[PDB]
Structure formats: C-alpha cells, structure tokens
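The structure appears right after this line, and notes come after that.
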Amino acid sequence: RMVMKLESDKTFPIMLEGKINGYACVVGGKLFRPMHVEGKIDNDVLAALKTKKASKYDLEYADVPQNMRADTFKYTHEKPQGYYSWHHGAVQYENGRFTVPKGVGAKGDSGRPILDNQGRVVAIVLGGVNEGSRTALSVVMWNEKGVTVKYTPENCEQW
Amino acid sequence: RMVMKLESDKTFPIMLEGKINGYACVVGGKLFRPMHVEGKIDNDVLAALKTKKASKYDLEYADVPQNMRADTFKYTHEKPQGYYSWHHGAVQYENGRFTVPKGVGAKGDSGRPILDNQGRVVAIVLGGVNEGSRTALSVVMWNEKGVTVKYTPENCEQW
Amino acid sequence: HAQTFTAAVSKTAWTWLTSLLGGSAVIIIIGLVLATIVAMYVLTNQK
Amino acid sequence: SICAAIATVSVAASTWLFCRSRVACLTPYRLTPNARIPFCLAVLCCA
C-alpha cells in the first residue's frame, strides 16, 4: 500500500562532495530545487538548466525542456484534511498543518514532494520543527487560484 | 480493439503525389481541411466544391450540399476529463490538453478527427509535438458559445 | 537696502527647485504607496 | 550638486521599490507549475 508511492523516478538527488543533502523535484513542467541546499543535481540535462531564484519563498524554479515535460508530477489545488503519503511514511494534514512522527525528516530530507492518496503531488516540504510527538513541517503548497502559498511553523528548523 | 472499432467513412484522404498526406472531415454540414495538405479530396463532388480560407485558424472549410447534411459528424462542446476514442488509440484529455502515447501520430496523419466514447467528433487535430513519453497534439475544438478555440503548443512539429 | 538669503531667487528658479525637490518626494511617495499596496495584496491573498 | 544627488537617489530608490513590488506580486503567481498569471496582468499590467 505505502510502497506504491515510492516508484517515482522523476525526483532527483542533489550531490555535494558525494553526499546527499536535498532533493530537486519536477512538478507541472517546472523543476523546483530548495535554495538553501548546496550541490549539483545528478542528472546532467537538469543540472545544465539555468534557474531563477525566489528568496521569499525559499526555492529556485527552472523551466524543464520539452522532452521532459511528459514524465512529471501533477499538482493539486485541493488539500483535504487527513491522510497523505510520503517517502518516509504517512503524513497527516490538520488545520492547515502537515505533521509527521518524531524523527521523520532530517539532514538531507528536504525538497521531497508530499504525495496524496491519489498519487499526485500536493506540496513540497522544505523543513520541519519538532512539536512533541508529531513534528510540524514547513511546506510550500498551491492555492486554488495558483498563488503558491507557504505555511511555516514558528521557529522552523531547517530540514 | 474497441478504441479502433469506432470507424466512420466520412473522413476523406487528400490525394497529391499519389499518396496519403492528410484527411479532410465533414462535421455538422461543413468540410474541414488544413492548409498543409495539398491536392484533391477523393470525393469528386467535394473536390470540385469551393473552399473559404481561414489562415489564422489553420483550416479552410466548405459548405456541403443540402442533401449531404443528413450524414455527417456531430460536433461537441463539452470536454469531459479523460480518455477519448481515435483512429489510432486512446487520446487523453488532461489539463485542457490532448495527448497521445509515444510514436502514435506522424506526418500524413494531420486532419484526423478526435471523437468521444459516444461516437461524435469532439475536436480535429492539425499537428503534434513530442513532449517525451507522452505526445501533445495541436488541435482545434468547439466551445459552448461557438468560438472554436484552437490550442497550439510551443514549437510544435507541424504535421 | 539689505540682502536676504532668498532675496534674489526668481519665480522660475523656485519652480525648477520645487520640481527637482518636491517631485522626487512625490515619486518616493508613489513608490511607497505601490509597495504597501502590493505587500497588503499578497499578504491578504495567502490565506 | 545636492539637488542632483537627491534626485538621483530618489529615482534609484523608486525604481528599486517598483522592481521589488513587481517581484513580490509576480513570484507567488510566477512559480506556479502551469504559470497562470491573468489576474495581476489584468489589474495592473505589471509585465
């Protein structure tokens, strides 16, 4: 069940001196990479792409080539309350916040798209701060009109 | 099997150089064919029928005789999400875009009509651009107000 | 007579000085208003 | 010289705030994966 959401090769790791520190994800024909993550995307064609920064929203976006547009995530403008699927495990959406079990998400666990029960991306998580048992997440989502609202908990901890 | 059994003889190949280069289709009492195909329609009565040019919409149309209005394709103004019948195979309408699998569609395939599961033409194609594993199509459809919005993707390879 | 600091400044000189000093303030005010409007719009459109 | 310096500083600052406002009003709409920007262009024609 949960293993049927990790067969997504469209995500790409970021290499820094041979180590992993973040993930760059392609959604809706555009490649999003977290700004604070330093490194180079393993894929050469995506690495060669020139990206335009966005300091306020803390991620840089680039336009993928035409031949790569076909195999790409699909975003969703509706975020129903309750269960969601992630690579590390289950996530739950309540009152506008994503929460995960403690210790989920750490060094190099940012830029991972959060998948829905249908199997399409709804948001991209950039960091998380621990709150008791359930760690809250700083995550950028997409509104119904397409304004890409960001929800960030207070004193957010990077990655 | 079922996707190709929806066969209609109203479509007519255009002949020049003695080979297939495109199809002209009679819909709702008007015969449509693009700029791209040169030659004469196989039907002599339609071959001798004068056509009015619409260069900006990449299709010229001719008014069929009153007798032939009985047997023609029926246009469609609503475009439900999902798969549609076609001459080759299922065509996916997603995000306001018609897409076909890899390899389907090439030169000489222009002008064929895209129909729905009911069995009526919902749009007609004029060209296709390879976006990767999934191929996008340049196609003109019909709206509820009859404005005939055409969708031309970026740098489309012109069939 | 006696010479005042602004005694010899003509009307034309005054208009030029007001355009240079007084028009730049207008441009600054316009920019500040535009920035405030944009910030309020984007902040109200987040929720 | 003082008037010219003040005018140049004012013009540069106004341009800087205008560019910052345009960025802050477009990037929420710009980085949408499908890049739909009808509303801002219709209300102000920023681009």
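All of this is worked out from the model, or read from it or from the source named; nothing here is a laboratory result. Cβ placement follows ideal geometry from the backbone for every residue including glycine, while neighbour counts extend to all protein chains displayed.
What are the residues in segment D:1-30 that are more than 13 Å from the chain's Cα centre (by Cα) and facing chain A (nearest Cβ under 10 Å), if any? Please lay out each step first, then the result.
Kept after step one, since they are more than 13 Å from the chain's Cα centre (by Cα), are these residues of segment D:1-30: D:1-11, D:28-30.
Passing the criteria: D:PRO28, D:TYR29, D:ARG30.
Restricting attention to segment B:30-56, which residues are in a loop (DSSP other than H, G, I, E, B), small (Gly, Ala, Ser) and free of Cβ contacts under 8 Å to residues at least 24 places away in the same chain? Quick ask: steps written out before the conclusion?
First, the residues of segment B:30-56 that are in a loop (DSSP other than H, G, I, E, B): B:34-39, B:42-43, B:48-51, B:53-56.
Checking the rest, the ones that are also small (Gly, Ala, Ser) come to B:39, B:48, B:54-55.
Passing the criteria: B:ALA48, B:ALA54, B:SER55.
Applying the selection to segment B:60-72, what residues are outside any helix (DSSP H, G or I) and either assigned by CATH to the domain that holds B:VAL149 or within 21 Å of B:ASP9 (Cβ to Cβ) (or both)?
Taking segment B:60-72 and keeping what is outside any helix (DSSP H, G or I), we get B:60-65, B:71-72.
Across segment B:60-72, the qualifying residues are B:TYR61, B:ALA62, B:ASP63, B:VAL64, B:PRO65, B:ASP71, B:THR72.
Tell me, yes or no, whether segment D:36-44 has at least one residue that is in contact (Cβ under 8 Å) with a residue 12 or more places away in the chain, within 13 Å of chain A (Cβ to nearest Cβ) and not acidic (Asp, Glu).
yes
If C:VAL9 meets every condition in (1) part of a helix (DSSP H, G or I); (2) surrounded by 11 or more Cβ atoms within 10 Å (Cβ to Cβ); (3) more than 7 Å from chain D (Cβ to nearest Cβ); (4) not aromatic (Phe, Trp, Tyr) apart from one, which number is that one?
In the conditions (1) part of a helix (DSSP H, G or I); (2) surrounded by 11 or more Cβ atoms within 10 Å (Cβ to Cβ); (3) more than 7 Å from chain D (Cβ to nearest Cβ); (4) not aromatic (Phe, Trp, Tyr), C:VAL9 misses (1) alone.
Would you please name the residue that is farthest from A:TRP86 (Cα to Cα), looking only at residues in segment A:122-150 that are within 14 Å of chain D (Cβ to nearest Cβ) and touching a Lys or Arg at 6+ places or on another chain (Cβ under 7 Å)?
Of the residues in segment A:122-150, the ones within 14 Å of chain D (Cβ to nearest Cβ) are A:122-124, A:126, A:140-150.
Filter once more, so that each one left must be touching a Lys or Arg at 6+ places or on another chain (Cβ under 7 Å): A:122, A:140-141, A:146.
Working: A:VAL122: 11, A:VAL140: 15, A:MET141: 15, A:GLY146: 23 Å.
Looking at the filtered set, the residue picked out is A:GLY146.
Would you say B:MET15 is touching a residue at least 12 places away in the same chain (Cβ under 8 Å), not in a strand (DSSP E or B) and not assigned by CATH to the domain that holds B:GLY146?
Numbers: touching a residue at least 12 places away in the same chain (Cβ under 8 Å): yes; not in a strand (DSSP E or B): no; not assigned by CATH to the domain that holds B:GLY146: yes.
When the stated conditions are applied, B:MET15 does not pass them.
Looking only at residues that are without any contact (Cβ under 8 Å) to a residue 24 or more places away in the chain and either within 23 Å of A:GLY29 (Cβ to Cβ) or among the aromatic types (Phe, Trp, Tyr) (or both) in segment A:58-95, which one is nearest to the other protein chains (Cβ to nearest Cβ)?
My answer is A:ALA70.
Go through segment B:100-110 and give me each residue that's assigned to a strand (DSSP E or B) and buried (at least 17 other Cβ atoms within 10 Å of the Cβ). Before you say what the answer is, go through the steps one by one.
Within segment B:100-110, the subset assigned to a strand (DSSP E or B) is B:100-101.
The answer is B:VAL100, and nothing else.
Out of all the residues in segment C:19-47, which are within 11 Å of chain D (Cβ to nearest Cβ) and either among the β-branched types (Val, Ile, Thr) or not in a helix (DSSP H, G or I) (or both)?
Listed by number, the residues that qualify are C:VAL26, C:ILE27, C:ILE28, C:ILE29, C:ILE30, C:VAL33, C:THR36, C:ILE37, C:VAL38, C:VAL42.
I'd like to check something: does segment A:38-56 contain any residue that is surrounded by 14 or more Cβ atoms within 10 Å (Cβ to Cβ), farther than 23 Å from A:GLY128 by Cα and within 13 Å of chain D (Cβ to nearest Cβ)?
yes
Testing B:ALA24 on (1) under 17 Å from B:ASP71 (Cα atoms); (2) in a loop (DSSP other than H, G, I, E, B); (3) not β-branched (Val, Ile, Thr), one condition comes back false. Which one is that?
(2)
May I ask you to verify whether A:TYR75 is surrounded by 15 or more Cβ atoms within 10 Å (Cβ to Cβ) and either assigned to a strand (DSSP E or B) or basic (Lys, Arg) (or both)?
Numbers: surrounded by 15 or more Cβ atoms within 10 Å (Cβ to Cβ): yes; either assigned to a strand (DSSP E or B) or basic (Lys, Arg) (or both): no.
Considered against the rule, which asks whether it is surrounded by 15 or more Cβ atoms within 10 Å (Cβ to Cβ) and either assigned to a strand (DSSP E or B) or basic (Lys, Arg) (or both), A:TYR75 comes out as no.
In this structure, is D:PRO33 within 14 Å of chain A (Cβ to nearest Cβ), surrounded by 13 or more Cβ atoms within 10 Å (Cβ to Cβ) and touching a strand residue (DSSP E or B) at 6+ places or on another chain (Cβ under 6 Å)? Lay out the reasoning, then the answer.
On the way: within 14 Å of chain A (Cβ to nearest Cβ): yes; surrounded by 13 or more Cβ atoms within 10 Å (Cβ to Cβ): yes; touching a strand residue (DSSP E or B) at 6+ places or on another chain (Cβ under 6 Å): yes.
The answer is yes for D:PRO33.
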